[PDB]
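Remarks on the structure that follows.
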Amino acid sequence: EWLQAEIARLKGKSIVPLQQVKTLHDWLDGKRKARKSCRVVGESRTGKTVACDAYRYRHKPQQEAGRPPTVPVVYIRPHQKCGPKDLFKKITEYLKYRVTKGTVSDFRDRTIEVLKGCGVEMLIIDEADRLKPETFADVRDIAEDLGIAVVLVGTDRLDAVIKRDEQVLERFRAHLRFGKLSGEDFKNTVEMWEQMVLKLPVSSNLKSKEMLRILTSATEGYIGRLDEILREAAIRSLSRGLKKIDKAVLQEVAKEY
Amino acid sequence: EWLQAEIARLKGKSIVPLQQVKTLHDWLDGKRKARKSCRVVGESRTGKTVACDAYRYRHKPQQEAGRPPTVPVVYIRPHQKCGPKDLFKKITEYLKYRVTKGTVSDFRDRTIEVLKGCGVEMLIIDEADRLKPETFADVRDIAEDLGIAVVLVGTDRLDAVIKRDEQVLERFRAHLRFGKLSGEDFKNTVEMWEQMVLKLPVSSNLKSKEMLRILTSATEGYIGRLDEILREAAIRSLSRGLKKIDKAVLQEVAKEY
Amino acid sequence: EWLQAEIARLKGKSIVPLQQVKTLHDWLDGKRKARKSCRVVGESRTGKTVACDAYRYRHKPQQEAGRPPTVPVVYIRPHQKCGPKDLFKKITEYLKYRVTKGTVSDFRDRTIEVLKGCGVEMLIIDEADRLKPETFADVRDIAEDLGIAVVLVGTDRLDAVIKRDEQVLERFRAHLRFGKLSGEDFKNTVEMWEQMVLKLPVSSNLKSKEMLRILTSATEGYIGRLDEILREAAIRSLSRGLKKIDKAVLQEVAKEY
Amino acid sequence: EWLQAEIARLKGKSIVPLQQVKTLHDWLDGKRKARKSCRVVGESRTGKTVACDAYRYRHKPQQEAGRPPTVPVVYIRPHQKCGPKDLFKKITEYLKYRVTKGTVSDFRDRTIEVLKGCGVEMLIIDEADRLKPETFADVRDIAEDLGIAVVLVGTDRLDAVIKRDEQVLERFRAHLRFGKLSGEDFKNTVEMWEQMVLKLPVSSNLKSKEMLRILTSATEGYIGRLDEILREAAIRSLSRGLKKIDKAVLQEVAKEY
Amino acid sequence: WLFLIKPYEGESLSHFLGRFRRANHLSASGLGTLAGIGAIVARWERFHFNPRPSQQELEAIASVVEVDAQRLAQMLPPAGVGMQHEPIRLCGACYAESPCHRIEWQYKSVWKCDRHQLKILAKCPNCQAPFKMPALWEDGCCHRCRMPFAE
DNA sequence: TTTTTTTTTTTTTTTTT
DNA sequence: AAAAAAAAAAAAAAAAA
Ligand SMILES: Nc1ncnc2c1ncn2[C@@H]1O[C@H](COP(=O)(O)OP(=O)(O)OP(=O)(O)O)[C@@H](O)[C@H]1O
Ligand SMILES: Nc1ncnc2c1ncn2[C@@H]1O[C@H](COP(=O)(O)OP(=O)(O)OP(=O)(O)O)[C@@H](O)[C@H]1O
Ligand SMILES: Nc1ncnc2c1ncn2[C@@H]1O[C@H](COP(=O)(O)OP(=O)(O)OP(=O)(O)O)[C@@H](O)[C@H]1O
Ligand SMILES: [Mg+2]
Ligand SMILES: [Mg+2]
Ligand SMILES: [Mg+2]
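Line by line, the protein sequences are chains C, I, H, J and B.
What the first sequence shows, in the authors' numbering, is residues 19 to 275, in sequence order.
What the second sequence shows, in the authors' numbering, is residues 19 to 275, in sequence order.
What the third sequence shows, in the authors' numbering, is residues 19 to 275, in sequence order.
What the fourth sequence shows, in the authors' numbering, is residues 19 to 275, in sequence order.
What the fifth sequence shows, in the authors' numbering, is residues 10 to 160, in sequence order.
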C-alpha cells in the first residue's frame with residue numbers, strides 16, 4: 019500500500035545538514051587536535067544530541083588491521099544518577115569489550131586498558147547533568163592521565179551542577195553555545211525541510227508568508243518543533259487522501275501546541 | 019527422496035573462507051616460526067574455534083619414514099575443571115599413543131617423550147579458562163623446556179583468569195583480537211553464503227536491502243547467527259515445497275530470536 | 019463401592035489435548051529436524067511438564083532389531099544443585115544402561131558411547147535452573163560434539179541464570195513463550211474439561227456464565243488451578259451423595275484459595 | 019638457505035653478561051663460603067632463572083680424583099605440588115645416580131649418601147613457591163644436618179608461602195632482591211644486545227632516541243620483553259628481505275603487546 | 010550390560026576380558042573392579058584370572074551380563090597344562106595382526122609362534138622392561154618406554 | 001544501594017597401608 | 001585392593017550510612 023509505505027517513512031527520523039551542525043563539527047575538530055576539554059551548552063530541542071551523532075559518523079572507526087579497531091571518538095549517554103561502575107561499563111561496551119564480574123577497582127583498570135590501544139582521541143558525554151557528583155573525579159582522572167578530550171555536552175541546568183565543584187569548573191571553562199533559529203536562517207531551513215525531508219507528490223510551498231507566519235508562531239525557532247509540526251501534518255494530510263499539506267492542516271496541528 | 023537428501027545436507031556443517039580466518043591463519047604462522055607463546059581472544063559465536071580447526075588441516079601430518087608421524091601442530095579442548103592428569107592424557111591420545119595406568123609423575127614424562135620425536139612446533143589449547151589454575155604450571159613447563167609455542171585461545175572471561183597469576187600473565191602478553199562483522203564485509207559474506215553454503219534450486223537474492231536489513235537486525239554481526247538464521251530458513255522453506263527462501267520465512271525465523 | 023471407584027479415578031491425572039500442547043509439539047519437531055538449540059520458558063502451573071511428557075509419548079523408541087533400542091528423544095529432570103556426575107548418571111539410566119563405579123571423566127566417555135548408537139536426536143532438560151553453573155560446560159560439549167538439540171525447558175527465573183554466562187546465552191537464544199489461558203480459549207477448555215476429565219452421572223454445565231465467572235476468578239487462566247478447583251469439587255460433591263457439582267461447592271472450594 | 023640459517027639461529031637462546039648477573043654470582047659466592055641459607059626474590063621476566071644457570075656453568079663439576087664426580091652446586095626446579103618423594107628423586111638424578119624402587123624412608127637415606135662424598139656445597143631450588151608445605155621439613159633437615167646452603171629462588175608470591183611457617187621464615191631471612199632495568203642501564207643493554215645477540219648484516223642503530231622510546235614503552239624495563247620484541251622483529255624483518263630492523267617493524271610488533 | 014566381543018576359540022581368558030573392556034569403554038583393571046562390585050561374591054580377582062569359585066562366577070556372568078552369551082568357561086584353564094607362573098610371553102605379530110592373545114602363550118613347550126615361526130618375546134628390546142600383555146594391553150606398547158614392541 | 005567478612009557445609013582429591 | 005579426612009576456596013546475608 020503506497021499510503022502505508024509513506025507513513026512508515028514519515029514516522030522515521032533523518033539528519034539534515036545545517037549551519038549550526040557544521041559549526042559544531044569544525045569547533046570539536048579544533049579541540050580534538052589540541053586535546054582541549056570543553057562544554058557544549060544550549061536549550062532543549064535545538065538539535066544538540068543529533069549534531070553529536072553526526073560527528074561520530076564523520077570519523078568512523080578503522081578496521082584495516084587484524085588488531086583491535088582504533089576508535090577516534092567515543093560517544094556515551096549516562097543513565098539517571100549514574101555512579102562510577104556504570105560510567106566505566108558503558109565506555110567499555112562501546113568499544114565491543116564485554117565486562118566481567120568484579121568491583122570498580124577491577125574494571126577501572128580494564129577501562130584504562132581498553133582506552134589504551136583504541137585511539138579514543140575524544141570522549142563525548144551527553145546528558146552530563148545525569149552523573150553523581152562523585153563520578154566527576156573519574157572523568158577528571160581520564161582527562162588528566164591520558165590525552166583525551168571530554169566534551170561534556172549539557173543543557174542550561176548543567177552549569178548549575180558544574181559550579182558546585184571548583185576543580186571541575188576550572189577544567190571545563192571553554193564553551194560553545196548552540197542557540198536556536200531566527201530570521202532568514204529559519205525561512206531557508208523550511209525551504210530545505212520541504213525539499214529534503216518531505217517528498218509529497220505535490221509541493222506545499224511552505225516558504226510562503228501566509229503559512230510561514232504560522233510555522234514561525236508554532237515553532238518559535240526550535241528545530242525540534244519544526245520537525246514535529248511538519249512531520250505530523252504530512253502524515254495527517256496523506257491519511258485524508260491529500261497530495262500536499264493544506265494551510266488548514268498546519269493550523270489544526272498548531273492549535274494542539 | 020530429493021527433499022530429505024537436501025535436509026540431511028543443510029543440517030550439516032562446512033568451513034567458508036573469510037578475511038578473519040586468513041588473517042588468523044597467517045598470524046599463527048609467524049608465532050610458529052618464532053616459537054612465540056601468544057593468546058588469542060574473541061567474543062562468542064564469532065567463529066574462533068572453526069578458524070583453529072581450518073589451521074590444523076592447512077598443516078597436516080607428514081610421514082617420510084617408518085618413524086612416528088611428524089605431527090606439526092597439536093589442537094586440544096580441555097574438559098571442565100581439567101586437572102594435570104587430564105591435560106597430559108588428551109595431548110598423548112591426540113598424537114595416537116595409548117596411555118597406560120599410572121600417576122601424573124609417570125605419564126608427565128611419557129608426554130615429554132611423545133612431544134619430542136614428532137615436531138609438535140605448536141600447541142593450541144582452546145577454551146583455556148576451563149582449566150584448574152594449578153595446571154598452568156605444566157603448560158609453562160612445556161612452553162619453557164621445549165621449543166613449542168602455545169596459543170591459549172579463548173573468550174573475554176579468559177583475561178580475568180590469566181590476570182590472577184603474574185607468571186602466566188607476563189609470558190602470554192601478545193594477543194590477536196578476533197572480532198565480529200559489520201558494514202560491506204557483512205554484505206559480501208551474505209553474498210558468499212548464498213553463493214556457496216546454499217545450493218537452492220532457485221536463488222533467494224539475500225544481498226538485496228529489503229531482506230539484508232532483516233539479516234542484519236537478526237545477526238548483529240555474529241557469523242554464528244547468520245549461519246543459524248539462513249540454515250534453518252532453508253530447511254523450513256524446502257519443507258513447505260519452496261525452491262527459495264521467502265522474506266516471510268526470514269521474518270518468521272527472526273521473530274524467534 | 020461405586021463411590022470409592024470414582025474417587026480413586028478422580029484423584030488420578032490424565033493428559034487433555036490443548037492448542038498450547040500441539041503448538042509446542044510442532045515447534046519442537048522443527049528444532050529436532052534442524053538440530054537447533056532452543057529455549058522453552060513460561061509461568062508456573064501452565065501445561066508444560068505434561069506437554070513435554072506428551073511429546074516423548076508421541077515419538078516412542080523403536081526396537082525392531084537385536085541392537086540397542088533406537089531412542090530418538092531423551093527427557094530428564096535434574097535434582098537440586100545437580101553436579102556433572104549426576105547429569106551423566108541420569109542420562110545413562112534413562113537409556114536403560116547400568117552405571118558402574120568410577121569418576122566423572124571415565125563416565126564422560128560411557129555417556130557419549132550410549133548417546134551414540136541410539137539416535138538420541140533431542141535432549142529435553144526440564145527445570146534447567148536447578149543445575150550447578152559448572153555443568154553447563156558438559157551440556158554445551160554434548161550439543162557441540164554430537165548432532166543433538168537441547169531444549170532447556172524452564173520458568174522465568176532460568177533467564178536470570180542463563181544471562182550469567184556469555185557462551186550459554188548465545189547458544190540458546192531462540193525461545194518459545196509458553197503462556198496462560200484467557201477469553202474464549204478458557205471457556206472452550208472448561209467445556210472440554212467437563213466433557214473428558216469429568217464423567218459425573220449428571221452434567222454440571224460448567225460453561226454457564228454464573229459459574230464460569232467463579233472458575234475464572236478462582237483460576238486466573240492457570241490450567242493447574244482449573245484442574246485443582248474442578249477435581250477437588252468433583253470428589254467433595256460425590257462424597258456428599260451428589261451426582262453433579264453444585265454452585266455452592268465451587269464457591270466453597272474457591273474460598274480456600 | 020642463508021635466510022633459514024639466520025632464522026634457525028635467531029629463534030634460539032643465549033646468555034648475555036649483565037651487571038645484575040655478576041652481582042648475583044658474587045653474592046652467591048659469599049653465601050657458599052659461609053654456608054649460609056638465603057633467598058633470591060624478584061619480578062617475572064627479570065632474568066632470575068638464567069642468572070642461576072650461568073652460575074652452575076661458572077663452577078662446573080670437577081672429576082680429578084678416584085671418588086665420585088664432585089659437583090659444588092646443585093640446581094633443581096620442582097614440578098607442581100612437589101611432594102617429598104619427588105624432591106629426593108630429582109636431586110639424586112641430577113648427581114647422575116639411578117633411583118631404585120622403594121619408599122621415601124628408603125631413598126631419603128640414599129639422597130644423604132650421594133649428597134655426601136660429592137662436595138655439594140650449595141643447593142639452588144628454583145620456583146620454591148610451587149612445593150608442598152610438608153616438604154620444607156626435608157629441606158630444613160638437609161640444610162641443618164649437612165654443611166649445605168640452600169638458595170630458594172622465587173617470585174614475590176614465595177614470601178606469602180614462606181611467612182606461613184615460623185621455622186622456615188627465620189631460617190631463610192637473608193635475601194637478594196632482583197631488579198628490573200631503567201635509565202642508562204637500559205640504553206647500554208640495548209647497545210650490547212644489538213652487538214652481541216644480533217648478527218644482522220646491516221646495523222639497526224637501536225640506541226637512537228626515536229626507536230629507543232619505542233623499545234622503552236614496549237619493554238617497561240623487563241629483559242624478557244626486550245628479548246622478545248627484538249628477536250621477533252629480527253626474524254620478521256629478514257623474512258621481508260630486509261638487512262636491518264625498520265622503525266615500522268618495531269612499531270608493528272609493539273602494537274601486539 | 011556388556012556388549013559381546015567377536016569370539017575366537019583360541020583366545021586367552023585374559024585377552025577376552027581385556028577386549029570386553031576396550032569395546033565397552035573402560036580399563037581392564039576397571040572392568041575387574043566393576044565386575045566384582047556387580048557380583049558381590051567377594052572372591053573375585055582383579056588380576057588372577059583363573060580361580061575355581063570364579064568358574065561359578067564366570068558361568069553366572071556369561072549367563073546374565075551380556076547381550077548375547079559368550080563362551081567364557083571354554084577360555085578358562087582349570088588346573089591348565091604346563092602353566093607359566095612367571096610373566097606371560099607374547100607374539101608381536103599376533104597382537105598387531107589380530108588384536109588377541111593366544112591361550113598357547115600361557116604354556117611351556119610353546120616357545121616359538123606356530124604361525125609366524127619366530128621366538129615368543131618376554132621383554133621389550135633395549136628397554137629391557139618385561140612385557141606382559143595381560144597387564145600392559147593387546148596394543149603391544151611398552152609401559153615404561155612407550156615404544157611399540159618389536160620382534 | 002553498595003562493602004566486607006564470615007561462617008559453614010558440600011565437595012573432589014590425594015595419598016597411604 | 002580402597003576410603004577418609006579434612007584444607008581450603010566459595011557463596012549468600014544482613015547491617016549500616
Ligand atoms: N569459518 C566458518 N564457516 C562457516 N561457519 C562458521 C565458521 N565459523 C563459525 N561458524 C558457525 O559457528 C558455529 C561454530 O561455532 P563458532 O566457531 O562460530 O564459535 P566459537 O568461535 O567456537 O566461539 P566459542 O568458542 O565461544 O563457542 C557453527 O555452527 C558454524 O555455523
Ligand atoms: N494438557 C493437560 N491436560 C490435563 N491436565 C493438565 C495439562 N497440563 C497441565 N495439567 C494439570 O496441571 C498439573 C501439572 O502442571 P504442569 O506440571 O504442567 O505445570 P508446570 O508448568 O510444569 O509447573 P512448573 O513449570 O512450575 O514446574 C497436573 O496435575 C495436571 O492436572
Ligand atoms: N641475561 C640474559 N640472558 C638470556 N636471556 C635473558 C637474559 N635476561 C633476560 N632474558 C630473557 O628473559 C627471560 C628471563 O628469564 P626467566 O623468565 O627464567 O627469569 P624469571 O623471571 O626469574 O623466571 P621465573 O618466572 O621462573 O621467575 C628469559 O626467558 C630470557 O629469554
Ligand atoms: Mg568453539
Ligand atoms: Mg513442571
Ligand atoms: Mg624461571
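We treat Cβ as the ideally placed atom computed from N, Cα and C, and that holds for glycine.
Check whether the segment 80–100 of chain I and the segment 140–156 of chain H are in contact - that is, three or more C-beta pairs closer than 8 Å. Using a Cβ-Cβ distance cut-off of 8 Å, the segment 80–100 of chain I and the segment 140–156 of chain H are in contact, since at least three pairs of beta carbons, one from each stretch, lie closer than that value.
Which one of C:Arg-50, C:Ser-55 and C:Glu-188 has the shortest CA to CA distance from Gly-137 of chain C? In the first sequence, the residue the question calls residue 137 of chain C occupies position 119. For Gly-137 of chain C, the nearest C-alpha among the options comes from C:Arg-50.
On the three-state DSSP scale, how would you describe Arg-76 of chain J? Looking up residue 76 of chain J in the fourth sequence gives position 58. The three-state secondary structure of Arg-76 of chain J, taken from DSSP, is helix.
Can you tell me which residues form a DSSP beta bridge with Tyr-116 of chain B? Taking the first residue of the fifth sequence as 1, we reach residue 116 of chain B at position 107. B:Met-92, per the DSSP bridge assignment.
Cβ-based contacts, 7 Å cut-off: residues of the segment 14–31 of chain B near chain H: Against chain H - using a Cβ distance shorter than 7 Å - the segment 14–31 of chain B contributes no residues.
Can you tell me whether DSSP reads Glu-145 of chain J as helix, strand or coil? Along the fourth sequence, one-based indexing puts residue 145 of chain J at 127. Three-state result, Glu-145 of chain J: coil.
Tell whether a beta-carbon distance below 8 Å holds between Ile-94 of chain H and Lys-108 of chain H. Within the third sequence, numbered from 1, the residue matching residue 94 of chain H stands at position 76. Within the third sequence, numbered from 1, the residue matching residue 108 of chain H stands at position 90. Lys-108 of chain H sits close to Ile-94 of chain H, with the two beta carbons spaced by under 8 Å.
What does the alpha-carbon distance come out to for the pair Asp-203 of chain H and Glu-274 of chain I? Along the third sequence, one-based indexing puts residue 203 of chain H at 185. Along the second sequence, one-based indexing puts residue 274 of chain I at 256. So the alpha carbons of these two residues sit roughly 24 Å apart.
Tell me the rounded alpha-carbon separation between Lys-40 of chain H and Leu-141 of chain H. Position 22 of the third sequence holds residue 40 of chain H. Position 123 of the third sequence holds residue 141 of chain H. Roughly 19 Å separates the two Cα atoms.
Limits of the unbroken alpha helix (DSSP H) element including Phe-204 of chain I: Within the second sequence, the letter at position 186 stands for residue 204 of chain I. That run of the alpha helix (DSSP H) goes 202–214.
Using the Cα positions of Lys-262 of chain J and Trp-211 of chain J, report the straight-line distance between them to the nearest angstrom. As a first step, residue 262 of chain J is located in the fourth sequence; it is residue number 244 there, counting from the start. As a first step, residue 211 of chain J is located in the fourth sequence; it is residue number 193 there, counting from the start. Distance from the CA atom of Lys-262 of chain J to the CA atom of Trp-211 of chain J, rounded to whole angstroms, is 14 Å.
I'd like to know if the segment 56–64 of chain J and the segment 177–195 of chain J are in contact, where contact means that at least 3 CB-CB pairs between them fall below 8 Å. Here the segment 56–64 of chain J makes contact with the segment 177–195 of chain J; the two share three or more CB pairs at distances below 8 Å.
If I'm right that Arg-53 of chain C touches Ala-167 of chain C with Cβ under 8 Å, what's the distance once you round it to whole angstroms? Reading the first sequence from its first residue, position 35 is the one you call residue 53 of chain C. Reading the first sequence from its first residue, position 149 is the one you call residue 167 of chain C. Sure, about 5 Å apart at Cβ, within 8 Å.
Apart from the five residues on each side of it in sequence, which residues of its chain come closer than 8 Å, Cβ to Cβ, to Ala-82 of chain B? Start at 1 with the first residue of the fifth sequence, and residue 82 of chain B comes out as number 73. Around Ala-82 of chain B: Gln-64, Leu-67, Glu-68 and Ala-71.
Where does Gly-48 of chain I sit, in a helix, a strand or coil, going by DSSP? On the second sequence, residue 48 of chain I is found 30 positions in, with the first residue counted as 1. Residue state, collapsed to three classes: helix.
Enumerate in chain order the residues of its own chain whose CB-to-CB distance from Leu-28 of chain H is below 7 Å, with the five nearest sequence positions on each side excluded. One-based indexing of the third sequence puts residue 28 of chain H at position 10. Residues of the same chain with a CB within less than 7 Å of the CB of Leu-28 of chain H, apart from the 5 flanking positions on each side, are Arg-249, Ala-252 and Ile-253 in chain order.
Please identify the residue among H:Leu-164, H:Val-179 and H:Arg-128 whose C-alpha is closest to the C-alpha of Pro-151 of chain H. Here the question's residue 151 of chain H lines up with position 133 in the third sequence. Ranking the options by Cα distance to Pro-151 of chain H, first place goes to H:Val-179.
Just to make sure I have the definition right: I need the residues of chain B whose C-beta is within less than 8 Å of the C-beta of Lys-119 of chain H. Which are they? Taking the first residue of the third sequence as 1, we reach residue 119 of chain H at position 101. Chain B residues near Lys-119 of chain H: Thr-42, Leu-43 and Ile-46.
Note down the Cα distance separating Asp-177 of chain C from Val-186 of chain C, rounded to an integer number of angstroms. As a first step, residue 177 of chain C must be located in the first sequence, where it is residue number 159. As a first step, residue 186 of chain C must be located in the first sequence, where it is residue number 168. About 11 Å.
Among J:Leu-113, J:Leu-260, J:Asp-163 and J:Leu-268, the one whose alpha carbon lies nearest that of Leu-244 of chain J: Working through the fourth sequence from its first residue, we reach residue 244 of chain J at position 226. The shortest Cα separation from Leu-244 of chain J among J:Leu-113, J:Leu-260, J:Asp-163 and J:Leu-268 belongs to J:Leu-268.
Between the Cα of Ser-23 of chain B and the Cα atoms of B:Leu-85, B:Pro-139 and B:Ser-118, which residue gives the shortest distance? Counted from its first residue, the fifth sequence places residue 23 of chain B at position 14. Ranked by Cα distance from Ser-23 of chain B, the options B:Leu-85, B:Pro-139 and B:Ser-118 are led by B:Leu-85.
Identify, in the order they occur along the chain, each residue of the same chain with its Cβ nearer than 6 Å to the Cβ of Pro-79 of chain I, setting aside the five sequence neighbours on each side. Translated into positions along the second sequence, residue 79 of chain I becomes position 61. These residues qualify, in order along the chain: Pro-87 and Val-89.
Would you list, in chain order, the members of the segment 100–133 of chain I that have their beta-carbon closer than 7 Å to a beta-carbon of chain H? Taking 7 Å as the Cβ-Cβ cut-off against chain H, the residues of the segment 100–133 of chain I that qualify are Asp-104.
Please classify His-193 of chain C: does DSSP put it in a helix, a strand, or coil? To locate residue 193 of chain C, count along the first sequence from 1; it is residue 175. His-193 of chain C: strand per DSSP, three-state reduction.
Status (buried if at least 16 other CB within 10 Å, exposed otherwise) for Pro-143 of chain B: As a working mapping, residue 143 of chain B is identified with position 134 in the fifth sequence. Result: buried.
Beta carbon proximity, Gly-239 of chain H to chain I, threshold 8 Å: Within the third sequence, residue 239 of chain H is the residue found at index 221, counting from 1. The Cβ of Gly-239 of chain H sits no closer than 8 Å to any Cβ of chain I.
Using a beta-carbon distance below 8 Å, is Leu-130 of chain B in contact with chain H? Taking the fifth sequence and counting its residues from 1, one reaches residue 130 of chain B at position 121. At a cut-off of 8 Å between beta-carbon atoms, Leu-130 of chain B makes no contact with chain H.
If distances are taken between C-alpha atoms only, which option among C:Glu-228, C:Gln-38 and C:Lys-31 comes closest to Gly-239 of chain C? If you number the first sequence from 1, residue 239 of chain C lands on position 221. The shortest C-alpha separation from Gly-239 of chain C is found at C:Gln-38.
For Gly-165 of chain C, tell me which candidate among C:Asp-144, C:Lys-134, C:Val-171 and C:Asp-71 has the shortest Cα-Cα distance. For this step, residue 165 of chain C is matched to residue 147 along the first sequence. Here the closest residue by C-alpha is C:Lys-134.
So if I threshold CB-CB distances at 7 Å, which residues from the segment 144–155 of chain H count as touching chain I? Taking 7 Å as the Cβ-Cβ cut-off against chain I, the residues of the segment 144–155 of chain H that qualify are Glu-152 and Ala-155.
Should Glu-54 of chain B go down as buried or exposed, given a rule of 16 or more other Cβ atoms within 10 Å for buried? Here the question's residue 54 of chain B lines up with position 45 in the fifth sequence. Burial call: exposed.
Quick one, which of I:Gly-30, I:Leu-42, I:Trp-20 and I:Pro-35 has its alpha-carbon nearest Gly-197 of chain I's? Within the second sequence, residue 197 of chain I is the residue found at index 179, counting from 1. Nearest C-alpha to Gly-197 of chain I: I:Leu-42.
If distances are taken between C-alpha atoms only, which option among C:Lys-119, C:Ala-236, C:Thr-110 and C:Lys-31 comes closest to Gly-65 of chain C? Against the first sequence, residue 65 of chain C aligns to sequence position 47. Here the closest residue by C-alpha is C:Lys-31.
Among J:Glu-184, J:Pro-219, J:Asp-183 and J:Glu-228, nearest to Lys-205 of chain J - alpha-carbon criterion: Here the question's residue 205 of chain J lines up with position 187 in the fourth sequence. When each option's Cα is compared against that of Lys-205 of chain J, the closest is J:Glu-228.
Please classify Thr-121 of chain J as buried or exposed, where buried requires at least 16 other C-beta atoms within 10 Å of its C-beta. The residue you call residue 121 of chain J lines up with position 103 of the fourth sequence. The residue is exposed, with fewer than 16 neighbouring Cβ atoms inside 10 Å.
From the DSSP output, which residues share a beta bridge with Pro-157 of chain B? The residue given as residue 157 of chain B occupies position 148 in the fifth sequence. Answer is B:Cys-150, bridged to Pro-157 of chain B.
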